[PDB]
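Enquirer: Here's a structure for you.
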There are 4 protein chains.
Amino acid sequence: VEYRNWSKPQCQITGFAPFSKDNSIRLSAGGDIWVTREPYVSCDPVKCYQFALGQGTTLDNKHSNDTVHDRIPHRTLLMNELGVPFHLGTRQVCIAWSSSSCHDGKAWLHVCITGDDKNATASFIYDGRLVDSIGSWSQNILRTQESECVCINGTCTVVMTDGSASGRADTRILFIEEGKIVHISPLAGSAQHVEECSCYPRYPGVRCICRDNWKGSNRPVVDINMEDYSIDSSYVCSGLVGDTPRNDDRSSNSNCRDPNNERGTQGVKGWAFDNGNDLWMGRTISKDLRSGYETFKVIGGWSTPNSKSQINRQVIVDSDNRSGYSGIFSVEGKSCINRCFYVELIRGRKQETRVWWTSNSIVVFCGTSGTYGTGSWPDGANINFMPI
Amino acid sequence: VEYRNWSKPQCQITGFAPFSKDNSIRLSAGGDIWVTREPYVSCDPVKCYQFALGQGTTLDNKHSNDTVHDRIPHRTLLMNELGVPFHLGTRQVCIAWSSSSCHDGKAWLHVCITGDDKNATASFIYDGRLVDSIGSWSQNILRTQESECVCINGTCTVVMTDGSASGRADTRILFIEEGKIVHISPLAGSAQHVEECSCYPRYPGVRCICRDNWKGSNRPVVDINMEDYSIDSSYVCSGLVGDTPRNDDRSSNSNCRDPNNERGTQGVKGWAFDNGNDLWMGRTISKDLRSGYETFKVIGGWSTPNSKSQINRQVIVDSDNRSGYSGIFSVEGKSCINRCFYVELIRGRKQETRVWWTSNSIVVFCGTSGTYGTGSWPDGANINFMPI
Amino acid sequence: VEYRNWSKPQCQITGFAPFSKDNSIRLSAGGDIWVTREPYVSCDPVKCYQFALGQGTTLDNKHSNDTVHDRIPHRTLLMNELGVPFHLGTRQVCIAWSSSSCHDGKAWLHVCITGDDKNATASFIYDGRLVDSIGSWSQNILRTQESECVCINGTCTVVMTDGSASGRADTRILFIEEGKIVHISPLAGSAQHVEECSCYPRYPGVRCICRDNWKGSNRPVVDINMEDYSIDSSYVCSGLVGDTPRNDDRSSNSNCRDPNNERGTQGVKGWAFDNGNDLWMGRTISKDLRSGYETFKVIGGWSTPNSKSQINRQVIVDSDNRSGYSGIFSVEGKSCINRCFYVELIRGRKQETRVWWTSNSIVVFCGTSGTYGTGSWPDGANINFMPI
Amino acid sequence: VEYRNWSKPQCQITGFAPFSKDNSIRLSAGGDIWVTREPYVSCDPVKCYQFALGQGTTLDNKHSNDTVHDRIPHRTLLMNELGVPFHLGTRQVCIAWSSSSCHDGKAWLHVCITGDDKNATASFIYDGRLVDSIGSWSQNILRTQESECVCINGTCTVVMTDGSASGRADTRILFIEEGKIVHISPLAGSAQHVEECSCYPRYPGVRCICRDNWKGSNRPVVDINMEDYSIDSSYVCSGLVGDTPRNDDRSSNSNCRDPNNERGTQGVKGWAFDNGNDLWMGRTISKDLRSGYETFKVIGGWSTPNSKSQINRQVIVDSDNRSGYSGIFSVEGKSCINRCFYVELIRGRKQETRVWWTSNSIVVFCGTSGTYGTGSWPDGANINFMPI
Ligand SMILES: *[C@@H]1O[C@H](CO)[C@@H](O[C@@H]2O[C@H](CO)[C@@H](O[C@@H]3O[C@H](CO[C@H]4O[C@H](CO)[C@@H](O)[C@H](O)[C@@H]4O)[C@@H](O)[C@H](O[C@H]4O[C@H](CO)[C@@H](O)[C@H](O)[C@@H]4O[C@@H]4O[C@H](CO)[C@@H](O)[C@H](O)[C@@H]4O)[C@@H]3O)[C@H](O)[C@H]2NC(C)=O)[C@H](O)[C@H]1NC(C)=O
Ligand SMILES: *[C@@H]1O[C@H](CO)[C@@H](O[C@@H]2O[C@H](CO)[C@@H](O[C@@H]3O[C@H](CO[C@H]4O[C@H](CO)[C@@H](O)[C@H](O)[C@@H]4O)[C@@H](O)[C@H](O[C@H]4O[C@H](CO)[C@@H](O)[C@H](O)[C@@H]4O[C@@H]4O[C@H](CO)[C@@H](O)[C@H](O)[C@@H]4O)[C@@H]3O)[C@H](O)[C@H]2NC(C)=O)[C@H](O)[C@H]1NC(C)=O
Ligand SMILES: *[C@@H]1O[C@H](CO)[C@@H](O[C@@H]2O[C@H](CO)[C@@H](O[C@@H]3O[C@H](CO[C@H]4O[C@H](CO)[C@@H](O)[C@H](O)[C@@H]4O)[C@@H](O)[C@H](O[C@H]4O[C@H](CO)[C@@H](O)[C@H](O)[C@@H]4O[C@@H]4O[C@H](CO)[C@@H](O)[C@H](O)[C@@H]4O)[C@@H]3O)[C@H](O)[C@H]2NC(C)=O)[C@H](O)[C@H]1NC(C)=O
Ligand SMILES: *[C@@H]1O[C@H](CO)[C@@H](O[C@@H]2O[C@H](CO)[C@@H](O[C@@H]3O[C@H](CO[C@H]4O[C@H](CO)[C@@H](O)[C@H](O)[C@@H]4O)[C@@H](O)[C@H](O[C@H]4O[C@H](CO)[C@@H](O)[C@H](O)[C@@H]4O[C@@H]4O[C@H](CO)[C@@H](O)[C@H](O)[C@@H]4O)[C@@H]3O)[C@H](O)[C@H]2NC(C)=O)[C@H](O)[C@H]1NC(C)=O
Ligand SMILES: *[C@@H]1O[C@H](CO)[C@@H](O[C@@H]2O[C@H](CO)[C@@H](O)[C@H](O)[C@H]2NC(C)=O)[C@H](O)[C@H]1NC(C)=O
Ligand SMILES: *[C@@H]1O[C@H](CO)[C@@H](O[C@@H]2O[C@H](CO)[C@@H](O)[C@H](O)[C@H]2NC(C)=O)[C@H](O)[C@H]1NC(C)=O
Ligand SMILES: *[C@@H]1O[C@H](CO)[C@@H](O[C@@H]2O[C@H](CO)[C@@H](O)[C@H](O)[C@H]2NC(C)=O)[C@H](O)[C@H]1NC(C)=O
Ligand SMILES: *[C@@H]1O[C@H](CO)[C@@H](O[C@@H]2O[C@H](CO)[C@@H](O)[C@H](O)[C@H]2NC(C)=O)[C@H](O)[C@H]1NC(C)=O
Ligand SMILES: *[C@@H]1O[C@H](CO)[C@@H](O[C@H]2O[C@H](CO)[C@@H](O)[C@H](O)[C@H]2NC(C)=O)[C@H](O)[C@H]1NC(C)=O
Ligand SMILES: CC(=O)Nc1ccc(C(=O)O)cc1N
Ligand SMILES: CC(=O)Nc1ccc(C(=O)O)cc1N
Ligand SMILES: CC(=O)Nc1ccc(C(=O)O)cc1N
Ligand SMILES: CC(=O)Nc1ccc(C(=O)O)cc1N
Ligand SMILES: [Ca+2]
Ligand SMILES: [Ca+2]
Ligand SMILES: [Ca+2]
Ligand SMILES: [Ca+2]
């Protein structure tokens, strides 16, 4: 082998074509299916896998009660080929309530984090062996991407954050070769708060569109120079704006520089990416709840400090349906490299309360440069059919 | 590798020997088995797989209610090795309520179609990556083969149709290399209506025996020149005649040229193939319902404009049992290339109403040039044993 | 590759060491497990598989009622690695109520037989493709080994029988190269009746110890010359004697030549093999029912016309437990080639009637040239725990 | 290939990072999961597998009653990739109520032991074939490691014991090449009693830390010279002391030479390993029951005849939770070779009696040379949710 260096143009794109969907929640109504959440999908150089954090349990299981809770000793990183759902024959790849995987182009990397919330620990598993670990630097829930990392020439990159969600916290960027931490850099540039990044290979470095829980509903940006380990950070220019909750596109703002203090705390994992001067982005259809999903292009969304000019929209899930998290993945074609994405469709509690559990399913679309139509592909589970 | 060019004689044949059967419906009576329909089977250069459209659900599942409906956001293309049935550990290969797969002799192609009925979209997935897509040209249910495509030298061929089922509609033929559409040709020749084709490699081009919903109970023919992209279309000569519903072989007709207006609308997916001047064909045993299946040879069925001379008959499923769809697949031997076929045996609703779901099973036979006996191999599920 | 030519000495042996067991019946008491019978195990040049005839159903399944019956359209040849039991994720390899498999040392051969009892048909599947078939010559239940065939240099051998079980019937020996029948020879020598053979590679030819349903409780022998296709047949010399029912070893007889007319009809599948002049053999512990299993060596059992001198006995299943069929398999070591065997342990109806189904499990032992102890390894299922 | 010779330094280590956990017991509450106990994990040169002794049954199964009993004809050696739990699709690799596996660096070795307690027999399975066997030398429960063996240059080593648990018994050390016993050596040195060894490759020979049931709560040591087959045996120097039951570290003792007669009988499988002069070790947190697990380093624990100086502690399972067995496994890195371990967490009867079955789950940690935090990862199954 050689390593993945990702030196091809981004493919020009027109929108997004359907790719995959697993129907996980419908299946659990008469099936032995894992309770999960925070999915992602990533690809080795020949095929793609889906990943998720299990809740140490299946859905038709008295143990599935109260799985709203994010962190317990029984969450584990699941991995299957893209499209086969998480049944009992599924491999738990590590111990983890927070994770991130990628493939340098020889083996797989998994960064997995369990432990006490005040002194968690992250193990670095590469090609089978546990090659490294780190402890919690700020003693407050050590956490990572919940999506794909990226590797150029045998150096991978994850970004992690220890500290306060709704306050100043402590964000570093790890450079890791064959499972060994070979450099740590701290955040620079202007980004007030940088949780749950969605990263990708804009060749000679990496770019992430991340999540601000404190002061922002515009989304952060985190530039990583692969060669000398420099970092830069900003916010996306577009005044269309990526987070939930948010303000509404009459009364929305961003200057590409500072948070916006517009329902500026909480948030959700989401994604974006530049095209020359422009920006493709998705987001919930609701400004308030985590409902619906929509993509579009903003003209100028990358370059100019508040552009609200949107073309090529798409409704991936309709208004009247639930979604949740979301992120990006990149797959190299014969000539260019393409950008794809997934969205977690979460069901049950907090919101729906007829039942006592919390799980999700998924749907995935990939960038097309051709023609496409119109539709909407929700979870599709009648909660009345469901156990508990 | 080289590519599949299929340049070998057709094997001379005497009839058909059993090959496979999956018992899918019996198994669901105490098992966790997918709800499907429209199967097919196709083969990579070393083994064969079975394919079907799932209904986003399993049979012992409140969600299985009302699965008569053909198109929803949760249908997905399943794929297993030929003979292992669709359990929970099965990979959903794409999003689709209409499909077609083949293997050029390096990778797999899948053409998958979901969306709104008025503006569906078809994704082209080859070797993992989404390489292309197209939108709905006539804004009325974009649809395809529901069986195997065929590839010669790295150019594959699918035929698709947008428009009216019971009226004039819009039929084109796509030429696609490594997942990229490289040519589209429209239908020519005399065929009034060309749904659900069963295609195959009569070397230097491809031949399909298709389905007419509008004016015909004789079956269409669709010749495809692989080299310059010409098309021709006609109807099968034989007055024995392939569709259901149909007229009965005293009062049946075809001239090889025009539809026959003999209970000439609806139809079913079915197959045929020439042998010099002759025709091997199968069909339901019933002229009225989709019941029983039988094969035979018509002497002159290919060449002469109404031949009703049949030899080598075979009853694959008896009169008193249900069938449904059906199609052909081709597998290359050491010296010649052989032709095989499958039949979808569908159970439950509309017809049987004790239960509320709709699924099928399958049986598959391959062409033999040797001896054979007599039998009949139906689904075999006691509907009273069944859930719902 | 080259082909399997099996030119190594038989390993000298002291007895038999345990090898495998699948616990299939216990598992079905809370599991989704196939209803089967007539097992065998055979090995490709790197690992071993278990095979069985399914009943188109699983055990906790209203469809499992009345599965005493041997022949229906839903029996199918199952295949797994040795030790993983027949769950829902198991591949049905062909249509068959009678079968036999082997591996020439490049691909797998399966001979599968379904159809009407008066005009069955046997398909020949080699390396995926259906390469050949034959019809029923005597129009009375065409049937085969229900155990491993054997191949030397790319010519395999199965022996099959059409005709009467309890009367004269019609027995031939097929020679088949890459799935093509290349020679058929009829039975010669002295064997009055030759059902269910257990064959094996005594180098330059093959030897089978078979089953006589008509006139014999001594077991037949069927010698096959691989080079010119000659056949010879006799009975085993030993007066210890291999069938059930049988007479008891005070009042037992064989002359190596003719049947013995000693409770001489019915029978069971069983096995044996020469060692110089001696014979290793197993059989039920009961002369009357198919209960218990025991192995031992007879001194002179091969050469001398009624030897009742037995050493090295072993109780594989105790008197107070059920068994059934049984057969041999051969695996080549680094220096010699070894002989191993399996026994079908059948449960439920006819005999046990608390329940309405009929299935089995298995246990397998291999020849050792070392030390060993004492035990007994039965099915082990409490019928009261069982469904139905 | 070449063979595994394990000639690399031990990796210096700081402690242990989490690696894996399978959640087996929680899953059985709505899942089809094997009843087991005595796990271990071992690795081929590219990945790791988990192993366990099944009880011929699954947990939601009337057959699971009374599975406290250690030895029956239905125990079987299970094997999966590390992290996928023992479902119905799991391969039973041999017949066994006592076992040990390893991989010489070309194939897998399994030593499996079933039979009568007074005349058991151990089969030696290597690379598929049964290559050898031995009988019971002392006619009292022949037994082995219940963890990983180790192989240097194509000679493997298991240590086995026949005789009395609570008395003098008969302990030998087998040297075995490609499944053939090529040398047997008896125990020498000072070790009064040597059950259930945990062995590992301290290059040119092997070292085991074993279990004394008779006179000791300090743990034995069993040195094996790979070159001429010499043996030595002692006890661990540390006065901290490894067994359960034990005396408490105020009133604890060891001189590295003789048993200690301090609650000196029974015991549990456990592990340790030298580092220069020091000792890393784990043990239950309870001196009385098999509850909790903790690791730490003893300064001088290797070299000096009663050292009670402990640094680097870790609580792997908390006081208020159950554990059981435990052992070590070694995996070679790029430069050094690392040492890892697993602990069996056992649930149900004897102790918990609301239910009638006995199974376990597992958790596994690997040696890190980096940073780490704090936590505790128990089985996590609410016994009230459980069947029976
Ligand atoms: C590729 O594919 C599509 C396939 O659909 C091509 O065009 C399609 O055009 C129709 C045009 O109307 C469009 O349907 C419309 O949009 C809404 C869809 O469903 C909503 O329902 C709930 C609401 O929360 C959500 O789940 C979901 O997210 C949507 O918001 C319909 O609401 C809408 O109906 C109303 O308006 C139409 C005119 O647009 C009127 O015909 C009706 O009267 C109705 O409302 C009534 O009258 C007035 C005015 O609306 C009021 O008093 C009140 O509203 C009253 O009840 C409408 O029919 C399809 O979904 C289109 N799809 C897309 C994707 O455009 C598409 O162009 C093609 N294109 C590309 C670019 O790929
Ligand atoms: C390889 O294998 C076969 C193995 O069967 C070889 O030959 C077999 O020959 C017999 C000859 O009769 C044939 O059975 C006949 O065909 C019908 C089969 O079942 C039907 O049942 C229902 C009806 O809807 C459907 O499910 C199914 O699709 C079939 O239609 C039988 O109906 C028929 O019985 C009647 O006729 C026979 C004479 O043929 C009489 O013996 C009876 O009396 C009976 O009817 C009665 O008498 C008269 C006249 O029929 C009337 O008053 C009224 O009908 C009354 O009740 C018949 O027994 C096997 O299936 C043959 N099979 C094949 C495949 O040919 C075969 O030749 C060999 N060949 C090759 C070429 O491979
Ligand atoms: C490797 O392993 C074995 C491990 O067992 C080594 O030797 C063992 O020696 C004992 C010796 O007795 C043997 O047990 C005997 O055999 C019978 C086993 O169980 C039966 O039970 C039912 C009956 O249908 C069946 O399920 C099953 O197939 C067997 O037939 C016992 O029946 C027998 O008990 C009676 O006889 C003994 C003396 O042999 C007396 O101690 C008792 O009194 C009892 O019967 C009573 O007294 C008299 C005379 O018997 C009568 O009034 C009446 O019977 C009354 O109740 C006996 O204990 C182990 O199984 C041996 N095993 C083998 C494999 O030999 C073995 O040698 C070693 N060897 C090698 C060669 O590998
Ligand atoms: C990496 O991670 C850890 C993350 O926890 C870093 O430090 C942590 O520091 C706290 C300090 O207190 C420690 O918690 C303590 O230890 C016990 C943990 O739980 C027990 O509960 C049951 C008891 O059987 C078992 O299941 C289990 O095995 C443990 O034994 C607590 O018992 C303890 O609480 C009591 O003492 C504290 C002071 O230590 C007081 O705050 C309370 O008042 C309480 O008891 C009360 O007051 C007095 C004195 O105790 C008495 O009257 C009576 O006890 C009364 O109720 C305590 O809070 C975390 O678990 C630490 N973890 C570790 C791993 O050290 C850690 O340093 C960092 N380090 C490294 C080296 O990796
Ligand atoms: C980035 O990746 C590919 C991976 O090998 C490099 O591949 C070389 O690129 C061309 C044609 O692909 C030539 O430079 C070499 O002879 C190619 N080898 C192969 C196997 O493709 C590419 O050059 C690398 N680029 C950078 C910028 O490092
Ligand atoms: C069609 O396919 C096969 C695939 O390689 C071609 O194979 C060649 O055919 C013969 C013998 O098979 C010779 O022409 C070549 O040396 C063969 N190569 C191999 C690997 O078989 C065949 O010629 C191709 N035919 C056409 C008409 O394109
Ligand atoms: C039977 O089988 C083996 C399979 O190749 C033959 O192998 C040859 O036998 C020896 C050493 O094994 C030499 O004759 C050849 O150079 C060997 N080749 C290999 C790959 O082993 C063996 O000779 C064949 N015997 C007969 C009697 O045909
Ligand atoms: C132990 O194992 C390795 C396995 O091959 C041996 O490898 C050799 O070691 C070095 C570099 O690894 C050189 O001696 C050889 O050219 C190497 N070959 C490979 C494939 O690594 C190592 O020497 C063996 N050592 C002992 C002490 O036997
Ligand atoms: C990734 O690796 C290659 C290693 O060569 C880098 O490629 C350029 O690398 C050198 C620059 O010091 C040149 O000597 C090479 O010709 C050229 N490589 C090719 C294969 O085109 C590249 O800089 C590295 N990229 C990063 C982000 O570190
Ligand atoms: C496990 C963890 O703390 N990561 C998270 C995942 C999801 C959510 C969430 O938005 O519900 C929050 C957090 N913090
Ligand atoms: C999904 C789809 O529209 N294709 C079809 C499949 C089956 C039938 C059918 O004949 O029931 C009809 C159609 N149109
Ligand atoms: C299917 C078939 O006819 N072969 C058989 C298998 C088992 C038995 C049996 O002994 O129950 C009999 C037969 N004839
Ligand atoms: C099967 C067997 O005898 N080995 C054992 C395993 C566990 C225990 C145990 O400690 O419960 C004891 C023994 N002897
Ligand atoms: Ca925010
Ligand atoms: Ca029609
Ligand atoms: Ca007989
Ligand atoms: Ca002790």
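Numbering, chain A: per Swiss-Prot, residues 82-469 in sequence.
For this deposited structure, the header notes the method as X-ray crystallography, 2.4 Å.
A Cβ is built for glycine as well, from the same backbone N, Cα and C atoms used for every other residue.
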Enquirer: When you check Swiss-Prot, which of A:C232, A:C278 turns out to share a disulphide bond with A:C237?
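Expert: Partner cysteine, according to Swiss-Prot: A:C232.
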Enquirer: According to Swiss-Prot, A:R118, A:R152, A:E276, A:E277, A:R371 bind substrate; identify which of A:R172, A:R292, A:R300 is listed for that same site.
Expert: A:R292
Enquirer: Just name the recorded positions among A:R118, A:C129, A:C175, A:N200, A:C291 whose Cβ comes within less than 8 Å of a chain D Cβ; none is a fine answer.
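Expert: From A:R118, A:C129, A:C175, A:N200, A:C291, the ones near chain D are A:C175, A:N200.
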Enquirer: Looking at the recorded positions A:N86, A:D151, A:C193, A:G345, A:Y406, which ones sit with their CA no more than 10 Å from the CA of A:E276 (substrate binding site)?
Expert: none
Enquirer: Let me make sure I understand the structure: which of the recorded positions listed (A:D151, A:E276, A:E277, A:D293, A:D324) has the fewest other Cβ atoms within 10 A of its Cβ?
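Expert: Comparing Cβ neighbour counts within 10 Å for the recorded positions A:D151, A:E276, A:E277, A:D293, A:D324 gives A:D151.
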Enquirer: Anything from the recorded positions A:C175, A:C193, A:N200, A:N234, A:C280, A:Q347 with its Cβ under 6 A from ligand 4? List those in sequence order.
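Expert: Going through A:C175, A:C193, A:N200, A:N234, A:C280, A:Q347 in sequence order, those close to ligand 4 turn out to be A:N200.
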Enquirer: Counting Cβ atoms within 10 Å across all protein chains shown, which of the disulfide-bonded residues A:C278, A:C280 comes out on top?
Expert: A:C278
Enquirer: Fill in the CA-CA distance, A:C92 (disulfide bond) to A:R118 (substrate binding site), as an integer in Å.
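Expert: Answer for this pair: 30 Å between alpha carbons.
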Enquirer: Indicate whether A:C175 (disulfide bond) is helix, strand or coil by DSSP.
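Expert: It is in a strand.
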Enquirer: DSSP three-state call for A:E276 (substrate binding site): helix, strand or coil?
Expert: strand
Enquirer: When you measure from the Cβ of A:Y406 (active site, nucleophile), which residues in the chain that are at least 6 apart have a Cβ under 8 Å away?
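Expert: In sequence order, the residues whose Cβ lies under 8 Å from that of A:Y406 (active site, nucleophile) (at least 6 apart) are A:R118, A:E119, A:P120, A:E227, A:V349, A:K350, A:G351, A:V424, A:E425, A:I427.
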Enquirer: DSSP secondary structure for A:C447 (disulfide bond), reduced to helix/strand/coil, please.
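Expert: Where A:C447 (disulfide bond) sits, the three-state DSSP reduction gives strand.
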Enquirer: Fill in the CA-CA distance, A:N234 (N-linked glycosylation site) to A:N86 (N-linked glycosylation site), as an integer in Å.
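Expert: Rounded to the nearest whole number, the Cα-Cα distance is 5 Å.
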Enquirer: Do any residues at least six apart in sequence from A:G345 (Ca(2+) binding site), in the same chain, have a Cβ closer than 8 Å to its Cβ, and if so which, in order?
Expert: A:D293, A:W295, A:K296, A:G297, A:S298
Enquirer: Out of A:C124, A:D151, A:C230, A:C237, the recorded positions in the record, which is closest to A:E277 (substrate binding site) when you go by Cα distance?
Expert: A:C230
